[PDB]
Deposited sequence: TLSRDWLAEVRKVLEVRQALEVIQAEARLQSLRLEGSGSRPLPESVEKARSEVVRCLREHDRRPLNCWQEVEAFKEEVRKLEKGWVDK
């Protein structure tokens, strides 16, 4: 299924983006967080664990978390 293969790439790609945002966040705390940042992080983790098979359902949370980290910088 071509469509499923495309979805899998997006799923891996989104996961790597979550790792980059989280790693970027650890540096900030290290060399430094507003609840705005905190709230997005908890939202993202629980969503990703719940949507174990279809993680793209968390695209809104992922961007919100990444947006919170970007504003933090």
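Gaps in the model relative to the deposited sequence occur at 1-4, 37-41, 83-88, listed in sequence order.
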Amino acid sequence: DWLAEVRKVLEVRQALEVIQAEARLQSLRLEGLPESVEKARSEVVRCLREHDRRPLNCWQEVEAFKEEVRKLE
From here on, numbers count along this sequence of modelled residues.
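Per-stretch averaging of Cα B factors for 8-16 and 45-53 places 45-53 on top. Between 36-44 and 23-31, it is 36-44 that carries the larger average Cα temperature factor according to the deposited entry. When all modelled residues of the chain are sorted by CA temperature factor, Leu72 is found within the highest third.
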